[PDB]
């Protein structure tokens, strides 16, 4: 029914941890640069909790916040209250990025066409997890090692998977 490409944008560790105490468990400025590079000029779909942790609209992108709160408003952001409302707001977009967190990844999981997933080779303490996925009829179309240096202290890889079906 929907004609935009629904892409997940996520970074997780070896046990699918994405968050700890409503924040990121790691700092990888280089990984964040990849995110900015890949998401330039495309809508970001964010769970209300994800957005409020970020704290500000991200520039050069439509910021869409998913909440059940019908009175929720943020300057410089758009507000949606369901998957279908997001689809209406984005009906003419080429590609949208589901930017997290876990509740929002769960929400859009039946509709995901493309997965941009960074895998971090470390086991962090965490409380928030990326959902399990069946990768039947998906294919890895890109893989590259991330930059590990004094400012990026973990090993990690960028992966891109595309749904065939």
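Residue numbers count along the first chain shown, from 1.
task = Pick between 116 to 124 and 34 to 42: the one whose mean CA B-factor in the entry is higher.
result = Per the PDB record, 34 to 42.
154 to 162 versus 1 to 9 - which carries the larger mean C-alpha B factor in the record = The deposited B-factors put 1 to 9 ahead on the C-alpha mean.
message = Take the CA temperature factors straight from the PDB entry and tell me which of 98, 65, 102, 58 peaks.
response = Max CA B-factor in the entry, restricted to 98, 65, 102, 58: 58.
request  = Tell me, lowest, middle or highest third: where does the Cα B factor of residue 83 rank within its chain?
outcome  = Within its chain, residue 83 is a lowest-third residue by C-alpha B-factor, going by the deposited values.
task = Would you please rank residue 14 by its C-alpha temperature factor against the other modelled residues of its chain and give the third it falls in: lowest, middle or highest?
result = Ranked within chain, residue 14 CA B lands in the lowest tercile.
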